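**Q** So I've got this experimental structure, pasted below with the sequence.
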Amino acid sequence: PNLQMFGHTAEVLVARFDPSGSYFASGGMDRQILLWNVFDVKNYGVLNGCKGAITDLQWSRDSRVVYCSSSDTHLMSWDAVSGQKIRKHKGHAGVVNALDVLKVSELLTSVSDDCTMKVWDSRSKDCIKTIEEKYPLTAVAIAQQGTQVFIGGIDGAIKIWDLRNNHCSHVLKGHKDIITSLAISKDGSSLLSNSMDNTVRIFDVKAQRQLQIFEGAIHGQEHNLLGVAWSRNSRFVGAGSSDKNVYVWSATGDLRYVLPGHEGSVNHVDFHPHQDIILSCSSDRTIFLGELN
Amino acid sequence: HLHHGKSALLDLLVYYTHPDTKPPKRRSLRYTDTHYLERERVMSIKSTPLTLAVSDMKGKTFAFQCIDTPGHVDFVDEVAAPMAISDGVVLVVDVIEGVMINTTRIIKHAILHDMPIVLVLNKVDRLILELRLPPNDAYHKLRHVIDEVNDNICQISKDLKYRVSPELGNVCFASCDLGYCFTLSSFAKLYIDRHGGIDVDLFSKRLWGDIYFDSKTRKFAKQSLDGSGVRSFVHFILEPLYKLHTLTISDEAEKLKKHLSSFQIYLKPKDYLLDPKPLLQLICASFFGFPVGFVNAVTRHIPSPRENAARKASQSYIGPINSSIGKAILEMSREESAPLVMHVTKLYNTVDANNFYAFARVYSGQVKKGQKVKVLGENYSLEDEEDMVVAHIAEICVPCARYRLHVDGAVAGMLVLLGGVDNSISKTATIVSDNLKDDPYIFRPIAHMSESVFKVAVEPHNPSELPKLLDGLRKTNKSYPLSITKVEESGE
Amino acid sequence: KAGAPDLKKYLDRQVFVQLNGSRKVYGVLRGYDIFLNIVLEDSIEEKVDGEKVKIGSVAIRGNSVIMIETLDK
Amino acid sequence: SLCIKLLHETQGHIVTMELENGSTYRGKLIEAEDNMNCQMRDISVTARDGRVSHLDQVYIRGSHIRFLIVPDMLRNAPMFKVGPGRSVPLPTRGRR
Amino acid sequence: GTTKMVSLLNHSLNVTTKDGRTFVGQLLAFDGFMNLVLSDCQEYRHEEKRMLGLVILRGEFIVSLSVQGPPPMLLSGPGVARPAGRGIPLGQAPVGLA
Amino acid sequence: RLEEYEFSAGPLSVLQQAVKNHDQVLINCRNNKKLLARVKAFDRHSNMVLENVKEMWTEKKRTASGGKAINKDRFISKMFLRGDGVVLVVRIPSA
Amino acid sequence: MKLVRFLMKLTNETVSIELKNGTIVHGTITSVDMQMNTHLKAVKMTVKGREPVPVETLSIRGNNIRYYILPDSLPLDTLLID
Amino acid sequence: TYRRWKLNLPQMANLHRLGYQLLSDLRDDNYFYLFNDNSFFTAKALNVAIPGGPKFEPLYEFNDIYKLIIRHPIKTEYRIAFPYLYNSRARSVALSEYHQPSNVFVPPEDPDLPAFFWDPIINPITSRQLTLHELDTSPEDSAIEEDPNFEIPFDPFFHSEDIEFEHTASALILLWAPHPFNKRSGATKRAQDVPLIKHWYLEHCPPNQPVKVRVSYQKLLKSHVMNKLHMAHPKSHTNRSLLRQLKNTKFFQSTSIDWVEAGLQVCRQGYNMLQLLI
RNA sequence: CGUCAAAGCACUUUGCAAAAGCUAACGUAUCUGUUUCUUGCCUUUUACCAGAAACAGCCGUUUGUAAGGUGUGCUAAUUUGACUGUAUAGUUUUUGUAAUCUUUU
Ligand SMILES: Nc1nc2c(ncn2[C@@H]2O[C@H](COP(=O)(O)OP(=O)(O)O)[C@@H](O)[C@H]2O)c(=O)[nH]1
């Protein structure tokens, strides 16, 4: 099958599976996160409260608590079993754009239009660290180790920071413009990155040079943050584009699947943790589950 | 007597125990009326039973097993029925009406069967607002009611084992509208818990009249008031009631805050900007708390089911006391071995008119589902066994007016609702277990305090449906003690 | 505080008190206190030997008291 | 307070207790107090030695009690909220 | 205060007393004098045990407190699914341009 | 109200006097273990915060074979003493 | 107007507490009350005439506390002020 | 928005005192006995008619004179009290409220004497008819005789407040007033839904009136029954409201003006709207 | 009144949902229509007389929730909830009758 489920009122942004592979969550401009099943593809809770639009979901690695990143500074927290509020992580003085989580579900990183990175504990309700750069930040990724945090800004310079040192250790180079989504592999050994130059580049974690520049997935005037993912094997790379197409790569530098279906710009493509399924979201208010037999 | 505030007394308890329940706006609430006929008319009609977990001074919880009785003069039937089961009688009397008919008619009939009495002077608040008597002249109007109770006692017995008076503990001043019942002992506590150390007992003796208090000497006397001797009662109870029902009311809301802060009652500022009667209710329920007095005034005078077993078995049981059943009653045996003894008086309609629950006191042992049971009648004797009939106990349940508590095993001491045992029964009908030692005896058929008298003929409007009417007339005889059917020679 | 105890039913009756130091006394109960200080008349000791010495009117302290009994029902 | 009301509720039942004395007493309880006074009947004492005795009536001082032992059904009993300006727990319809 | 003491409520506790004896069981009720009520209690005088039941201790008698164990123990949103389809667009290029 | 009055005139004034004079003190305890130190602050219950404390207390070997008096000292930097343990205070000046 | 108020500042540090009972207790303080009732975290307490046993959440009936042996790093002058 | 209002005691006092000439004077309800919305239903169903009240269309061997006992005819009033007893084949009937407590509050005519003053209408209270028990000690004597010297050091609760206050008179008069005034904090109806003088035509007509009137009184009463008979209980629904839909399109604008202007406005608008049709 | 927690707050405009759960005024008010029947006055049908049952509309009411508007504060104010909320060194609990020794198994 394919399954193009409808439900949201307005532009949807982010849609992700549990780490387990038993649910979706989705939510964009609706101010409504809508949970789903995978295997009778039905809705669940209408997580209501966020007074800004959602920009990023992420399941806790317990598969119970959910975290948002509203446009009104809040980062909310939700008990996916019951569906009640837990907290309002009040901090930033602007619009949050990305979130990331660890193994230990306890630490979270967010990224504002205040040019401020901030690490959060799920127990304090306050910031543990505050890394002020200069130009409004956009994408962030934290490693599996719980050590390296990658920041993506407007300079095209993916900076790398550790939790012990807090020094500008390294800076990725050769990306001319804008970053819309970082993504660390299931190894902890390589990033993915969507630039506004349409060069969906991979980078190294440890020597730190490029690997493979992919090219063929356009951003334009919309200025949405488009996403990228690593497949459960780390064989395939799934980048969406404003051309209504989900450009899946071969990770060897070869375009295999280029499946259309959406009527509007695509945002955050994902992969299921085990069985080969693709979550693809788009302003359109629609979502697909593209499979491979 | 009618509308004296019986059904509303229990409601006052209910409210404190069942948090969800709220008063309908138009009309009072009358928990324990239930029947839609009892609500169109508004008068209670069929006596209903309750049980609830009521607390006491200090805190001890007992399980009351109350029974609202119809106060209309014509259903005295359904006063007497449970009289042959209960361990005592609580009275309710209106401090404005006084002691009308049914109050005598019952007091008299109650002492005959050695029922110890507990007075509850209801609607006192009313005599402060409706009548607006001054506090001293109201005292006389109270005392007067208590006396007149006793003038109906004196006629039936000159004994001073009974004698209803607040000095002792029998009498309870309460208004079931505003939510407060107190005895003299309870009012005392109030002062005492707020002011160091004296006995409750050495206080409450002196609070009743023909006694006075000198604020100068701080001591009591029978001395006729020299100057400003008031009357202990009116000094320590009424006049600091009277104030309440004129502080709340008269919108001196600045004062109330300072005074109610003394007692550490803290309201929200919305509540003063509220409404007279339902502000009152809110204050009077925050100051006099739970109706503790009335609890303490029952558990001290109405005896526990064991103690009364001795006396109650003598006047009701026909047979000998020396027998094994006569003995098992006296000790209130709660074993398997013991013979099972009930005593059914009233049957209750259920939510559809089809069936009848039974209401019997379990006098001995245990009752459980599916037991074989010899259900005796009235005309029974050791000679003929034509009255007795075997039957199976379908459901045992504990009553609470509207809801019911499904129980597996009954026990001696309790009142119960039985399922299944109907068809043999019409009016009184003792139950007794089948497998027994010989000669099971009956319980005395209730003494109704009014003959039937009024007569009415009943033919069906269509004669083809005469069976159903006949089936119906049997069902009345079940749920209406004094009714009697009697087919005429003609066909009526 | 100061709950005046229920010793009304013991007034003008014989008693068998026990006190601290395993020492005990018989007497007619005359009066009692908030703190349970007691007034006994016709006070007789019960020594560890068992030798019973008549004393008279006596005021036992509250603190000391362990308990208070009745000889005859 | 609730630790006192539970006591008052076991009046009538049979109770075991321990005193600073060292001995334990067992009997039907008739009256209690906020002080922790007691009034019991048909008591069966058992000291450190093991010496049994009979005491018809007894009064106590709470100060002298170490701890009580109470029947089992007294665990389903209600534990109320009490309030700032009330002595006895009881249930509460009114404000708070 | 007594904010901490409410937090202990309904936990299995280990309570040492002035005598040396140690009681164990859940905590049902608590006081300003530190009167504790305990459920299904067991003393350990010391290779020893006894079963009591419900025990009410005084404040005088109690020394220390310690937890043994922990406390004992949105229907359907609007969204709907559908099957497949995957239409091809005649045009290429981005969404806003043309 | 009246608590202020007694701190100046009464018995407790001599600690307030001594502790302000920067004085040392000998305290006899209920533990049978005397305390020798200099005081920082005190209270109406005799709840005292001591600094640089040194104890003096006897002992026995208690049938080691199947014993004699031994004195033992220990220095403590800071010590809050609950006044219930105190039985006797000796407010001795250096001068 | 109490020295007890100073102990509410004390929270967080470790102390070896002595009691009337004659025990000794190393552990971190969490909270201190006006009635002296202290609660401790990560405790190693030892009884008079027994081996030391570690307890997680110890709390003490203030009445029994003889004295706190405070850590040497704590400034007294700052804490004695309201 | 002007929903919900809360009024002071003295204010409600004046309003009462100003409106006095309109609102009623019954307080009891017993007054109505056979003049309730229920009774009038049964009348309608039994096809009988009660004297002062309305009269509708109809709605819809064993007897033997020699078996009956003729003793006092049995009136129509009797059937409308106990319809199941005195009347046979009784259907579509409603049973009425049998009696209420009876109010014993007479309001103070001469407002100088205090709020709590023994009125001369109440009977003396004498009790020389009675015969009580006898005890030698006497309850009061005994109670003091046990210990006369004992004391109570604290004195009563409200020993500084006096039983009356400034408004405690005015207030008691309200408690026992007709609906709208007793409330002292309401809701806010609309001028159409405040009937003013409906209670004139319930109480039932004072004597010595002409037939012109007495007939009108009934016709008014009929209506009031006939509604209270069919009143439905309202259906659940979301609020439509036309006049806020039109306000949400771009074709209507809002402004505030004088009444008489907007009366003329309409009166004209309609003139033209017919002319253009003609 | 006191603590803790949550939240901007009061006032207002629209949108969207609901409103017998255990016999009860969503509205102490109250109007028109359709169908099916029964009777009135009647022969032109409409327009009507005045009862019933079954459906409908209309004029209104309440609540929750979402987005807004005005005035005020976001270096504050207000609301809302929750609570095992009082201070006692001199006899019944938190300013100790404790301390100490020795023998038995
Ligand atoms: N003013 C006032 N009226 C009361 C009070 N208690 C009950 N009532 C009235 O008395 C009636 C209750 O009658 P009730 O005794 O429950 O009915 P019964 O079953 O026939 O006795 C209601 O109309 C109440 O308004 C009271 O304390 N004060």
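**A** Cool, got the structure. Numbering: from 1, shown residues only, chains lettered A, B, ... in the order given.
**Q** Tell me which residues touch residue 72, please.
**A** No chain was given, so I picked chain A. Counting by C-beta atoms under 8 Å, 6 or more residues apart in numbering or on different chains, residue A:72 touches A:50, A:51, A:52, A:95. For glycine as for every other residue, the C-beta is placed from the backbone atoms N, C-alpha and C.
**Q** let's do chain C instead
**A** Applying C-beta under 8 Å, 6+ apart, the residues near residue C:72 are residue C:14.
**Q** So it, which state does it fall into?
**A** Assigned with DSSP: H, G, I helix; E, B strand; the rest coil, residue C:72 falls in the coil class.
**Q** Just among the contacts of residue A:72, which is most surrounded?
**A** In terms of neighbour count, residue A:50 stands highest of the contacts of residue A:72 at 23 neighbours, by other C-beta atoms under 10 Å in any protein chain shown.
**Q** does any part of stretch F:83-95 sit near chain G?
**A** Yes: Stretch F:83-95 reaches chain G (C-beta under 8 Å from any C-beta of the partner chain) through residue F:85.
**Q** Next, the contact list for the residue of chain C found nearest chain A, please.
**A** Nearest residue of chain C to chain A (C-beta to the nearest C-beta) works out as residue C:1 at 43.9 Å. Going by C-beta under 8 Å, 6+ apart, residue C:1 touches B:196, B:197.
**Q** any idea how far it lies from chain E?
**A** Between residue C:1 and chain E the computed distance is 13 Å (C-beta to the nearest C-beta, to the nearest Å).
**Q** Taking the centroid of chain C, which residue is nearest it?
**A** Taking C-alpha atoms, centre = their mean, the centroid of chain C lies closest to residue C:17, which sits 4.4 Å from it.
**Q** tell me, how many neighbours does residue C:8 end up with?
**A** Applying other C-beta under 10 Å, we find 13 residues neighbouring residue C:8.
**Q** still on that earlier bit, let me see the contact set for the residue nearest to the centre of chain C.
**A** C:24, C:25, C:26, C:27, C:38, C:40, C:60, C:65, C:67, C:68, C:69.
**Q** Name whatever forms a beta bridge with the first one.
**A** On the basis of DSSP bridges, residue C:24 takes part in beta bridges with residue C:18, residue C:46.
**Q** Can you tell me which helices and strands the helix ranked longest in chain B packs against?
**A** Secondary structure of chain B per DSSP state H: the longest helix is helix B:135-156. Identification of packing neighbours for helix B:135-156 by 3 or more C-beta pairs under 8 Å, 6 or more residues apart in numbering or on different chains; DSSP states H and E yields strand B:89-94, helix B:101-112, strand B:117-122, helix B:124-129.
**Q** Could you export these as CSV, including mean neighbour count and distance to chain C?
**A** Below are those laid out as CSV (neighbours: other C-beta atoms under 10 Å in any protein chain shown; distance: least, C-beta to the nearest C-beta, whole Å):
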stretch, mean neighbour count, distance to chain C
strand B:89-94, 23, 27
helix B:101-112, 19, 29
strand B:117-122, 24, 23
helix B:124-129, 22, 29
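**Q** And what about residue H:141, helix, strand or coil?
**A** Recorded secondary structure, residue H:141: helix (three-state DSSP).
**Q** From residue H:160, how far off is it?
**A** Residue H:141 sits 33 Å away from residue H:160, going by C-beta to C-beta, to the nearest Å.
**Q** Repeat that for residue A:149.
**A** Separation of residue A:149 from residue H:160 (C-beta to C-beta) stands at 71 Å.
**Q** same check, this time on residue A:78
**A** On the measure of C-beta to C-beta, residue A:78 and residue H:160 end up 57 Å apart.
**Q** would you list every one of the strands in chain F?
**A** Ranges of strands in chain F, per DSSP state E, are F:24-29, F:34-41, F:48-56, F:75-81, F:86-90.
**Q** Could you point out which of those strands sits nearest residue G:60?
**A** Closest to residue G:60 of those, according to C-beta to C-beta: strand F:75-81, at 13.6 Å.
**Q** Indicate whether the closest one makes contact with chain G.
**A** Yes: Strand F:75-81 reaches chain G (C-beta under 8 Å from any C-beta) through F:76, F:77, F:78, F:79, F:80, F:81.
**Q** helices or strands up against that strand?
**A** Right, strand F:75-81 is packed against strand F:48-56, strand G:65-70 by 3+ C-beta pairs under 8 Å, 6+ apart.
**Q** Test of understanding: give the bridge partners of residue A:230.
**A** Per DSSP bridges, the residues bridged to residue A:230 are residue A:237.
**Q** Tell me who's in contact with it.
**A** A:183, A:184, A:185, A:186, A:192, A:237, A:271.
**Q** Could you rerun that using 7 Å?
**A** Listed by C-beta atoms under 7 Å, 6 or more residues apart in numbering or on different chains, the contact set of residue A:230 reads A:183, A:185, A:186, A:192, A:237.
**Q** So which residues make contact with the longest helix of chain B?
**A** Residues outside helix B:135-156 that contact it (C-beta under 7 Å, 6+ apart): B:93, B:95, B:98-99, B:104, B:107-108, B:111-112, B:119, B:121, B:127, B:133, B:162-166, B:171, B:209, B:231, B:233-234, B:238-239, B:242, H:118, H:125, H:127, H:130-133.
**Q** If anything else comes up later, I'll come back, but that's it for now.
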